[PDB]
Ligand SMILES: [Cl-]
Ligand SMILES: [Cl-]
Ligand SMILES: [Cl-]
Ligand SMILES: [Cl-]
Ligand SMILES: [Cl-]
């Protein structure tokens, strides 16, 4: 079959609608999310019009093979969506009402810089390539754009499911293409992060600061180096909870700073020992006494600078 | 083919039944479980009515392509189920008895707050979208709802397989949808958790408490800090056994508390040393002597409080 | 097509045979294994009988679509098997010789209680659902049940591939079902376990026992606690080699006991130190001297008890 | 259908063009990447020529089955691409404008020697096997070779998507094969590697150098050995970040050198102690004093040498 | 279609060839390797013979559906190969020249005993099952057996791609089967193994040996135990590089021996301390002095013995 012919020289409008049934498998590393939804399509084909009085039925139901259907594809999918045509409905004027249920793995880039206080906009881009006989343009029927109340993505608050009504019409491979941006807005449930990541990580670092109320070089070497091991071990433990970003994140910056602090605490411990050994105990004692306040203060400050620097 | 026509204006009743053959791959992280079951369907399609005497046969057998079959889908599946029609049997009144064997990856949210003493209700939601000519309504034939005795989910006790008889009939995208809730009830086999997770984790903590019968600051630093490392390594070891919950679980609150205890034990060890060093050995000794009882008591109390809050 | 009609009132006998070509992907955690095998089927359909003289042929070859074929399925598969009909052959009496090559992922429960001295019986359950016109019964042709010599499952000795001749005939959803139990017997190759798991684990534990020839509390704390870390580190290293059982295994009991031993060794080390410190060195010395024999003896006794309980 | 016949003795030219829609799953270990793109094909088939006046059409649209289409394959794919013919258009002269959307997993060797300062050229090799009647030759239409602006590969800067215009025409299995090299140029985003990999790794090594301002053999053994553990623990933490190269990398050579440094630091610590114990404290002190400069200077010198060898 | 009829009573010869296009995904654990190649087939079908003169063609080209093609399968594949018929060409005598491009996941057992100095022979077994009318026998056309020069398997040197010309003709499921052994010979690239695995592992063990130049029991306990932890940590670190063998490998024998050495070093350290403490310092000193030579010598000797036993 060929596309419906234009009355004048106008493009064909395909009214689209996505209704989210299920959201699952948000892969932080792959930057992909699996989605199960309805895709509704509507357009006028006058070749399929009929006088309801002459005809035999109000609405004529067709098989996909029987009539012309626009080839709608998704831009940001790994492979083509798995679709199952639920219904095709032709009214007396030739207004086609298409409906399919599809599942797809959608590639949408993620920004982990504010982890775990991040929010994401997941995109589903609808596209239609224009044909030889006439141009095809996508449109949004907002009555057919929604999401099931039960839609969930463990660890996230599902904010909204909307579409940018104005399509992106552009040329590609010598033909017009009309694109639609459907947006799923999600924000992370950051609470567990405090008792799970930050708090135990801070306790380890705080244990290293006890070296400031000790003069035993052996006990101090043990405190600093053994906590450093505990820190790395704890990091190994929480690897999984942190996302795949091969770029600097807020949490990643706190963590880097904590590594610097272990190194500085070693310097202090080393300095204090050398001074004592090299018969300068008054300096050694004044440095250790200062560090007791200097360490928490410089830490707490650098964290406000970090927080501010990120938010 | 079109749906069977109504005699008056009545909806079509599709009598459903699911019989569980196999239950497998319960993914605590994905919140998905895989299923292999029979799906039985029964409706009346008078266009198929026959005379047993002319036909010879008491029951007619058809291929799925030959007759109209209702489009039943599952709401909470990853992709459409893999189905194989086992049998289609038409009696002369036009009553169709459909049967298929299907496998599906079902998405059902899980609540790990009580892990490992958690129980779950797994849902399989059956759905049918009504058509232009007539409304379709789902029903439950309880004689056809069951599960194979051999059905297992390693680590769980399979309690029951039932269906909420009353369907959820509602409107969606300008058409009626009739939904059925099939429930698989499971409860976790928590025993192994004691010798596997808790007991070795408690022994490590108890070793740290021996610092309360020691005055050697070096030996105490080694006890606390090395046990803390042992705890983190033990935690990495049991990572897998613990579920994916990005929220606070019961097992999780105990693990957080154990981290707090290591920090408090460090404070004590540090305090006791400073007092001794700052010529106050009587206080140092009274604090250590108190700690011996304080630590187990406060621990035992806080664990009772936790259990109470979670259960 | 309909099933062949009964001469009297007899059920139809389908003679089955499975010949294992390949066995791969034994997943200890999923309790699943993948299989590539031939499935042979045999029955008599007198409607297919021919006079070889008129036909000029001794044997007629058919396409699966052309004739009636019994619907054989497997009970314990994740999804339906991938099959390719190799041959369909008909002899003048109406005897059908069916053959297909199939691959399938089979779910079979495993018992890890005796690991690594465990043996497993893998099950492949063949099934046929009876029809309205006649009952269908499965049978085993043992000449037709075999396995390729090259069939392997790394880490296991493939003992036998057989079938329990007597089918399990039972009623399900108001129809007869004839089931066949095909068994693949495997026994674990436990040798590598000694140099890979037990021996290094025992050496670490034996190092902690040297604390019984030392009076240095600091050296003893280091011996017991550092070996405990080494043990946990070693467990982590061997995680993979140990299976997924969420229940107590033989190796699992030994490992738990080894954790108890580290705790007891700490108690001793702590006790010996307190007694010394609290001016009772004779008791401290007698406890340490006893421990030297008590520890290996109680260990060796407890292991004999465990072995006995498990075997 | 047979290929279009030659007017003289000329080969058939198939003008190709790949337009990258999506790029995902760059697997550093597998040396594979996934791609979603348009494949455009152009050729003149005079048998398809038509008079637009008689036909009433300016352009004829065909189904792939209806006309002859060249069999284009990709050399370096895991399995054959998943393709969906978007459009086939014929103009009155017999020009065929083919277009398909395809997804494919591409195998392209990677060179990790300069990690994380490495750049890669990804290859997608297009191929056509010539037929009995005429030779088929591939060509590149550069206007039709592009990539979507949104194309990303997390951790990489996507430099260019081009094709080596000159095809590689060669004989294989007694027939001509015309090959096209499509190149996707990528360069690694190395910044995060400094705060993530190198800096914490260098701090650990620097802590070991403090043993050169200490005479306590016990404190020194703790410094060197505990940092060695921390280093190994740190590598385990960053295993994932480093690529799969089973050959020597730049990062890899630095890491090996750091292991040598821990060994040398042990020798020093051991030597200094033996001399001190064997009543030669002046030598012990001069060795330690030298080490303070020798260690950083030699490390710095060797890194300069390494950088030079790799760049 | 039926197979070509025999002139006398002779079997049909199918001349085979495999030309390796791609070699990828060699999975050491699964013992599977992925292949992408051409499969060439040639056989005589006199029903297809023609006179070039009254036909006008030198060669006739057919569609797979038009003529009879032998059903060639692979024995050791997980699922059936993905094939795409490239060309079918009949010469005047009736000789068919078939060609397809296929990809397949081949199961071939691997022997890791000599790792990393191990070589492997990967098998691709071609098979044809004989038919009712005539027997089918496989043959090797060596002109059509090859591999692309660019064929690679990261970490291996691709030695050769050959076929054992003489087929293995045998009976299976009451019918003749003709098998062909195609061999891909690979040998491992063992270089980084030295700087990556062995060298850092030997440095850790050498650090432990420093305890033979020390009399401090505390320093010695720290040296032996902390290096033991570092060793285990290093193992956890190199797990990935070592293959899946659940049997004793060459590298694995060295590793086991290294565990024994840590245990022996502990015994020495313990013995030396007891003797000193029990007023026998001359024996303690002579044992430690001996150990200094005994340890490296016994190590170097048993390594020579092991190498000899494995090679
Ligand atoms: Cl799509
Ligand atoms: Cl479904
Ligand atoms: Cl099956
Ligand atoms: Cl391809
Ligand atoms: Cl195959």
Residues located in the stretch D:127-152, provided they are within 12 Å of chain A (Cβ to nearest Cβ) and either buried (at least 18 other Cβ atoms within 10 Å of the Cβ) or assigned to a loop (DSSP other than H, G, I, E, B) (or both): D:141, D:144, D:145, D:146, D:147, D:148, D:149, D:150, D:151, D:152
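Condition check ((1) assigned by CATH to the domain that holds residue B:133; (2) under 21 Å from residue B:154 (Cα atoms)) across all residues:
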residue	(1), (2)
B:173	yes, no
B:183	yes, yes
B:206	no, no
B:217	no, no
B:221	no, no
B:228	no, no
Subset of the stretch E:181-217 [in a helix (DSSP H, G or I), at the interface with another protein chain (Cβ under 9 Å from one of its Cβ atoms) and buried (at least 18 other Cβ atoms within 10 Å of the Cβ)]: E:193, E:196, E:200, E:203, E:204, E:207, E:210, E:217
Failed item, numbered, when residue B:155 is tested on (1) at negative phi; (2) more than 16 Å from ligand 1 (Cβ to nearest atom); (3) within 12 Å of chain C (Cβ to nearest Cβ): (1)
The stretch E:63-110, residues that are under 30 Å from residue E:193 (Cα atoms), in contact with a strand residue (DSSP E or B) (Cβ under 7 Å, 6 or more places away or on another chain) and either in a loop (DSSP other than H, G, I, E, B) or within 16 Å of ligand 2 (Cβ to nearest atom) (or both): E:108, E:110
Condition check for residue A:163: surrounded by 17 or more Cβ atoms within 10 Å (Cβ to Cβ) and not assigned by CATH to the domain that holds residue A:254: yes
Extreme residue, nearest to the other protein chains (Cβ to nearest Cβ), among residues of the stretch B:24-38 that are closer than 19 Å to residue B:127 by Cβ and away from ligand 3 (no atom under 16 Å from the Cβ): B:32
Check on residue C:225, within 11 Å of chain B (Cβ to nearest Cβ) and more than 24 Å from residue C:192 (Cα to Cα): yes
Within the stretch E:49-90, tally of residues that are more than 16 Å from ligand 5 (Cβ to nearest atom) and surrounded by 13 or more Cβ atoms within 10 Å (Cβ to Cβ): 14
Residue count, the stretch B:235-293 (criterion: in a loop (DSSP other than H, G, I, E, B) and facing chain A (nearest Cβ under 10 Å)): 7
Qualifying residue in the stretch A:107-120 (condition: surrounded by 20 or more Cβ atoms within 10 Å (Cβ to Cβ), within 16 Å of ligand 1 (Cβ to nearest atom) and either within 14 Å of chain B (Cβ to nearest Cβ) or over 30 Å from residue D:60 (Cβ atoms) (or both)): yes
Residue list for the stretch A:16-30, restricted to those being surrounded by 19 or more Cβ atoms within 10 Å (Cβ to Cβ) and within 27 Å of residue A:169 (Cβ to Cβ): A:16, A:17, A:18, A:20
Matching residues in the stretch C:111-126 - criterion: being touching a residue at least 40 places away in the same chain (Cβ under 8 Å) and part of a loop (DSSP other than H, G, I, E, B): C:112, C:113, C:114, C:115, C:116, C:117, C:118
Candidates B:141, B:157, B:174 - the one that is within 30 Å of residue B:1 (Cβ to Cβ) and touching a strand residue (DSSP E or B) at 6+ places or on another chain (Cβ under 7 Å): B:141
Some residue of the stretch B:2-14 being within 14 Å of chain A (Cβ to nearest Cβ), touching a residue at least 40 places away in the same chain (Cβ under 8 Å) and within 37 Å of the chain's Cα centre (by Cα): no
Residue identified as within 18 Å of residue A:79 (Cα to Cα) and either assigned by CATH to the domain that holds residue D:248 or free of Cβ contacts under 8 Å to residues at least 24 places away in the same chain (or both) among D:85, D:57: D:85
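Conditions tested, residue by residue: (1) within 16 Å of ligand 4 (Cβ to nearest atom); (2) out of contact with any helix residue (DSSP H, G or I) (no Cβ under 8 Å at 6 or more places or on another chain); (3) at the interface with another protein chain (Cβ under 7 Å from one of its Cβ atoms); (4) farther than 21 Å from residue C:36 by Cβ.
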site: C:66; (1), (2), (3), (4): no, yes, no, yes
site: C:78; (1), (2), (3), (4): no, yes, yes, no
site: C:83; (1), (2), (3), (4): no, yes, no, no
site: C:86; (1), (2), (3), (4): no, yes, yes, no
site: C:98; (1), (2), (3), (4): no, yes, no, no
In the stretch E:44-62, the residues that are outside any loop (DSSP other than H, G, I, E, B) and away from chain D (no Cβ under 12 Å): E:44, E:46, E:47, E:48, E:52, E:53, E:54, E:55
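All of this is worked out from the model, or read from it or from the source named; these are not laboratory values. A quick note on method: Cβ atoms are made from the backbone with ideal geometry, for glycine too, and the neighbour counts reach across all protein chains shown.
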